[PDB]
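Pasting query_23.cif here (mmCIF, C-alpha atoms and all ligand atoms):
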data_coords
loop_
_atom_site.label_atom_id
_atom_site.label_comp_id
_atom_site.auth_asym_id
_atom_site.auth_seq_id
_atom_site.Cartn_x
_atom_site.Cartn_y
_atom_site.Cartn_z
CA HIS T 88 0.00 0.00 0.00
CA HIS T 89 0.97 3.67 -0.23
CA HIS T 90 3.80 3.85 2.32
CA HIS T 91 4.10 6.65 4.87
CA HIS T 92 7.73 7.37 5.70
CA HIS T 93 7.14 9.41 8.86
CA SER T 94 4.97 9.20 11.98
CA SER T 95 3.25 12.03 13.86
CA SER T 96 4.23 10.32 17.11
CA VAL T 97 7.29 8.95 18.88
CA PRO T 98 6.60 6.17 21.38
CA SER T 99 8.17 6.49 24.81
CA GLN T 100 11.25 4.35 25.46
CA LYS T 101 11.16 4.97 29.22
CA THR T 102 11.45 1.92 31.48
CA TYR T 103 8.27 1.23 33.46
CA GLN T 104 7.85 -1.89 35.60
CA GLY T 105 4.26 -1.14 36.55
CA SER T 106 1.91 -3.06 38.82
CA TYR T 107 3.35 -6.44 37.79
CA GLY T 108 7.05 -5.64 38.04
CA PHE T 109 7.67 -6.13 34.33
CA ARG T 110 11.31 -6.56 33.35
CA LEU T 111 13.32 -8.08 30.52
CA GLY T 112 15.96 -10.76 30.79
CA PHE T 113 18.54 -12.02 28.33
CA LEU T 114 20.00 -15.53 28.18
CA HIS T 115 23.68 -14.74 27.81
CA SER T 116 26.39 -12.19 27.20
CA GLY T 117 29.01 -14.43 25.62
CA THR T 118 30.87 -13.23 22.54
CA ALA T 119 32.15 -16.32 20.72
CA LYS T 120 32.60 -16.11 16.95
CA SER T 121 29.74 -18.59 16.65
CA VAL T 122 27.28 -16.40 18.55
CA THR T 123 24.14 -15.50 16.61
CA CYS T 124 22.57 -13.35 19.33
CA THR T 125 24.12 -11.91 22.49
CA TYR T 126 23.45 -9.12 24.98
CA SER T 127 25.67 -6.55 26.67
CA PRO T 128 24.50 -5.70 30.22
CA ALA T 129 26.77 -2.64 30.39
CA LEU T 130 25.46 -1.24 27.10
CA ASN T 131 21.90 -2.62 27.37
CA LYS T 132 22.36 -3.60 23.75
CA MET T 133 21.67 -6.73 21.74
CA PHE T 134 24.04 -7.82 18.96
CA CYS T 135 22.57 -10.33 16.52
CA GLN T 136 22.80 -11.65 12.97
CA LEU T 137 20.29 -11.22 10.14
CA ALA T 138 17.12 -13.30 10.66
CA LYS T 139 18.63 -15.35 13.50
CA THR T 140 16.65 -16.29 16.61
CA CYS T 141 16.77 -13.67 19.38
CA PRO T 142 15.46 -14.94 22.75
CA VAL T 143 14.07 -12.26 25.08
CA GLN T 144 12.86 -13.19 28.57
CA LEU T 145 9.78 -11.64 30.14
CA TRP T 146 9.82 -11.39 33.94
CA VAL T 147 6.99 -10.36 36.26
CA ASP T 148 6.58 -10.26 40.04
CA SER T 149 2.94 -11.36 39.81
CA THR T 150 0.70 -13.00 37.20
CA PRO T 151 -0.98 -10.44 34.93
CA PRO T 152 -4.66 -10.86 33.90
CA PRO T 153 -5.81 -13.11 31.03
CA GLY T 154 -5.64 -11.41 27.65
CA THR T 155 -2.36 -9.68 28.44
CA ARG T 156 -0.13 -9.14 25.40
CA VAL T 157 3.48 -8.34 24.52
CA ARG T 158 4.35 -5.88 21.74
CA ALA T 159 7.70 -5.16 20.09
CA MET T 160 8.40 -2.02 18.04
CA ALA T 161 11.56 -0.56 16.53
CA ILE T 162 12.40 3.14 16.42
CA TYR T 163 15.57 4.94 15.34
CA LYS T 164 17.83 5.75 18.28
CA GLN T 165 18.98 9.12 16.96
CA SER T 166 16.45 11.89 17.73
CA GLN T 167 17.01 13.17 14.19
CA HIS T 168 15.49 10.03 12.64
CA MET T 169 13.03 9.33 15.47
CA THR T 170 9.93 10.18 13.45
CA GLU T 171 10.94 7.99 10.50
CA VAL T 172 9.08 4.68 10.47
CA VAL T 173 11.49 1.76 10.80
CA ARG T 174 10.88 -0.63 7.90
CA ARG T 175 12.77 -3.17 5.80
CA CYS T 176 14.93 -2.07 2.86
CA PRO T 177 13.66 -2.51 -0.72
CA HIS T 178 15.71 -5.67 -1.26
CA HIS T 179 14.38 -7.52 1.79
CA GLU T 180 10.84 -6.20 1.42
CA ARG T 181 10.86 -7.71 -2.08
CA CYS T 182 12.75 -11.00 -1.60
CA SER T 183 9.67 -13.12 -0.75
CA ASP T 184 11.04 -14.46 2.54
CA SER T 185 7.75 -14.17 4.40
CA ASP T 186 6.85 -17.08 6.67
CA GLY T 187 3.21 -16.73 5.68
CA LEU T 188 2.39 -14.56 8.70
CA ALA T 189 4.74 -11.58 8.68
CA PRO T 190 4.02 -8.82 6.15
CA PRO T 191 7.16 -8.21 4.02
CA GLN T 192 7.79 -4.66 5.28
CA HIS T 193 8.12 -5.63 8.97
CA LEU T 194 11.65 -5.56 10.45
CA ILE T 195 10.79 -7.50 13.60
CA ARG T 196 9.17 -10.93 13.48
CA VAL T 197 8.26 -13.50 16.14
CA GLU T 198 8.93 -17.17 15.42
CA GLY T 199 7.19 -20.30 16.64
CA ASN T 200 3.92 -18.61 17.63
CA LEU T 201 0.70 -19.23 15.69
CA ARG T 202 -1.08 -16.49 17.68
CA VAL T 203 1.28 -13.76 16.49
CA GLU T 204 -0.31 -10.61 15.07
CA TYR T 205 1.34 -7.95 12.92
CA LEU T 206 0.12 -4.37 13.00
CA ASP T 207 0.51 -1.57 10.64
CA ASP T 208 -0.93 1.29 12.63
CA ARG T 209 -3.29 3.27 10.41
CA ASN T 210 -2.90 6.31 12.67
CA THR T 211 0.80 6.39 13.60
CA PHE T 212 2.02 4.32 10.63
CA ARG T 213 4.29 2.41 13.02
CA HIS T 214 4.92 -1.32 12.61
CA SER T 215 4.74 -3.73 15.55
CA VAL T 216 4.43 -7.43 16.33
CA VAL T 217 2.34 -8.74 19.21
CA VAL T 218 1.84 -12.10 20.89
CA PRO T 219 -0.26 -13.17 23.86
CA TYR T 220 1.58 -13.07 27.18
CA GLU T 221 2.07 -16.68 28.25
CA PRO T 222 2.51 -17.16 32.02
CA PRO T 223 5.54 -19.37 32.82
CA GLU T 224 5.19 -23.15 32.80
CA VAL T 225 4.94 -24.78 36.21
CA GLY T 226 8.50 -24.78 37.53
CA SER T 227 9.76 -22.05 35.21
CA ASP T 228 10.58 -18.54 36.43
CA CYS T 229 9.91 -16.69 33.18
CA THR T 230 8.66 -16.98 29.62
CA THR T 231 10.67 -16.22 26.49
CA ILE T 232 9.72 -14.72 23.14
CA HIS T 233 11.91 -15.39 20.12
CA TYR T 234 12.35 -12.42 17.80
CA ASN T 235 13.98 -12.21 14.36
CA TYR T 236 15.41 -9.02 12.82
CA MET T 237 14.99 -9.22 9.03
CA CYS T 238 17.50 -6.50 7.94
CA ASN T 239 21.03 -5.69 9.11
CA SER T 240 23.34 -2.66 9.42
CA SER T 241 24.81 -3.40 5.99
CA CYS T 242 21.54 -3.22 4.04
CA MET T 243 21.06 -0.59 1.34
CA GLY T 244 18.03 1.49 2.26
CA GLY T 245 15.79 0.83 5.23
CA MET T 246 17.83 1.34 8.40
CA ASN T 247 20.77 2.36 6.20
CA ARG T 248 23.43 1.78 8.88
CA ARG T 249 21.48 3.77 11.49
CA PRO T 250 21.19 2.47 15.09
CA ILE T 251 17.78 1.38 16.39
CA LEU T 252 16.03 0.62 19.65
CA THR T 253 13.52 -2.15 20.28
CA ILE T 254 10.74 -1.17 22.68
CA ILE T 255 8.91 -4.00 24.44
CA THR T 256 5.56 -3.24 26.04
CA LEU T 257 3.40 -5.37 28.28
CA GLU T 258 -0.22 -4.39 27.61
CA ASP T 259 -3.64 -5.55 28.69
CA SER T 260 -6.46 -6.63 26.38
CA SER T 261 -7.66 -3.02 26.31
CA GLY T 262 -4.36 -1.77 24.94
CA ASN T 263 -3.35 -0.07 28.18
CA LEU T 264 0.32 0.07 29.18
CA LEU T 265 1.29 -2.33 31.98
CA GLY T 266 5.05 -2.19 31.57
CA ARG T 267 7.83 -1.10 29.23
CA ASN T 268 11.49 -1.83 28.59
CA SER T 269 13.83 -1.16 25.72
CA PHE T 270 17.28 -2.03 24.45
CA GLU T 271 19.43 -0.95 21.53
CA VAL T 272 19.92 -3.47 18.74
CA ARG T 273 22.77 -3.90 16.27
CA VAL T 274 22.13 -6.44 13.55
CA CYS T 275 25.50 -7.37 12.09
CA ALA T 276 27.74 -10.11 10.71
CA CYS T 277 29.92 -10.63 13.79
CA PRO T 278 27.86 -9.85 16.94
CA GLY T 279 30.47 -11.35 19.25
CA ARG T 280 33.38 -9.30 17.95
CA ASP T 281 31.30 -6.11 17.85
CA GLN T 282 30.04 -6.50 21.42
CA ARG T 283 33.47 -7.35 22.79
CA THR T 284 34.91 -4.26 21.07
CA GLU T 285 32.03 -1.92 21.92
CA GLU T 286 32.25 -2.95 25.57
CA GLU T 287 35.96 -2.17 25.38
CA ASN T 288 35.14 1.24 23.87
CA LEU T 289 32.78 1.93 26.79
CA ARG T 290 35.41 0.93 29.33
CA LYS T 291 37.75 3.54 27.85
CA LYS T 292 34.96 6.12 27.49
ZN ZN T 301 17.46 -5.20 4.39
#
The structure in this file should be written as structure tokens.
Ligand SMILES: [Zn+2]
Amino acid sequence: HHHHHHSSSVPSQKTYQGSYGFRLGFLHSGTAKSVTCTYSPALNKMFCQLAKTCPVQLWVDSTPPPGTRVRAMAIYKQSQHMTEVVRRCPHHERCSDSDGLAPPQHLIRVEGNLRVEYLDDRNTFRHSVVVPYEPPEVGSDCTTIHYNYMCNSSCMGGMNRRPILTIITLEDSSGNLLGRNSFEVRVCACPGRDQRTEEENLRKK
């Protein structure tokens, strides 16, 4: 459809635990050359490869009500590009790599969930992917959602080498905000090397 490049609104990226003590967790922070997705606690930044699985843990202090959902949305980190809608580059939008659920223009996808829903906001023009919140299995302390980023920092067009932030919101069935957390994301070829070097850069900052 006729694409809108900019949005009249910028979603908040402010951390909010809310009534249920909503917080994100990440599996590991290792930086081996074989790593496909890792997280830097010091930088609150995820480093991952194109289309690879990105586990994100959802933690709560108490069970939220039925119908609770979890939304993911990307926005450009630099204020300058903040109103530009984050979307896939022409190449990826047109390569026919859809899994049958995700519209081709969406940067963020969720894998392994038949109840996933993709939204193209007709008011804000922002893209987002939502799944039902699934309370942890008996014995488990959290639940994990597996995201996929379908463009990287080397793509022509789209992000065009610009840094982005992923904003995760816990919402009720009415669309009200229950919690929010965000982290920067760098989709690249060597996540391990980049994280190990960027953490070094921070240490000398
Ligand atoms: Zn791309």
Sort by chain and increasing residue number a table of all residues of chain T within 8 Å of ligand ZN 301 (chain T), each with its closest pair of atoms and their distance in Å to one decimal, counting only C-alpha atoms and all ligand atoms, and write it as a Markdown table.
| residue | atom | partner | partner_atom | distance |
| --- | --- | --- | --- | --- |
| T:175 | CA | T:ZN301 | ZN | 5.3 |
| T:176 | CA | T:ZN301 | ZN | 4.3 |
| T:177 | CA | T:ZN301 | ZN | 6.9 |
| T:178 | CA | T:ZN301 | ZN | 5.9 |
| T:179 | CA | T:ZN301 | ZN | 4.7 |
| T:180 | CA | T:ZN301 | ZN | 7.3 |
| T:237 | CA | T:ZN301 | ZN | 6.6 |
| T:238 | CA | T:ZN301 | ZN | 3.8 |
| T:239 | CA | T:ZN301 | ZN | 5.9 |
| T:241 | CA | T:ZN301 | ZN | 7.7 |
| T:242 | CA | T:ZN301 | ZN | 4.5 |
| T:243 | CA | T:ZN301 | ZN | 6.6 |
| T:244 | CA | T:ZN301 | ZN | 7.0 |
| T:245 | CA | T:ZN301 | ZN | 6.3 |
| T:246 | CA | T:ZN301 | ZN | 7.7 |
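Between CA of residue 165 (chain T) and CA of residue 284 (chain T) the interatomic distance comes to 21.2 Å.
For the set T:286, T:198, T:148, T:171, the residue with the smallest atom-to-atom gap to residue 249 (chain T) is T:171, counting all atoms listed in the file.
Shortest atom-to-atom contact with residue 157 (chain T) among T:201, T:252, T:133, T:218: T:218, counting only C-alpha atoms.
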With 9 Å as the cut-off and all atoms listed in the file counted, what is the closest atom pair between each nearby residue of region 196-256 of chain T and region 103-116 of chain T? Distances in Å to one decimal, ordered by chain and number, as CSV.
residue,atom,partner,partner_atom,distance
T:229,CA,T:112,CA,8.8
T:231,CA,T:112,CA,8.7
T:255,CA,T:111,CA,8.5
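Using all atoms listed in the file, the shortest contact distance between residue 143 (chain T) and any of T:287, T:93, T:223, T:232 is found at T:232.
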Exercise for the section: Select, from T:89, T:193, T:101, T:248, the residue with the minimum atom-to-atom distance to residue 274 (chain T), counting all atoms listed in the file. Expected result: T:248
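CA of residue 158 (chain T) to CA of residue 268 (chain T) spans 10.7 Å [interatomic distance, one decimal].
Our summary of the geometry notes that CA of residue 153 (chain T) is positioned 25.4 Å from CA of residue 141 (chain T).
Considering only C-alpha atoms, the residue among T:149, T:269, T:200, T:170 positioned nearest to residue 188 (chain T) is T:200.
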Practice task
Quick one: residues within 9 Å of (0.7, 9.9, 13.7) (file frame), counting all atoms listed in the file, please, as a ChimeraX atom specification.
Solution key: /T:93-97,208-213
Practice task
Write out as an MDAnalysis selection string the residues lying within 9 Å of residue 230 (chain T), counting only C-alpha atoms and excluding same-chain residues fewer than 5 positions away.
Solution key: chainID T and resid 143:146 220:224
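Closest approach to residue 92 (chain T) among T:275, T:152, T:124, T:174: T:174, based on only C-alpha atoms.
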Practice task
Pick out the residues sitting within 7 Å of region 118-123 of chain T, and hand them over as an MDAnalysis selection string; count only C-alpha atoms, and ignore anything fewer than 4 positions along from it in its own chain.
Solution key: chainID T and resid 135:136 139 277:280 282:283
Listed atoms of region 170-180 of chain T, axis-aligned box, 5 Å per side: centre and edge lengths to one decimal in Å, as AutoDock Vina command-line options?
--center_x 12.4 --center_y 1.3 --center_z 6.1 --size_x 16.6 --size_y 27.7 --size_z 24.7
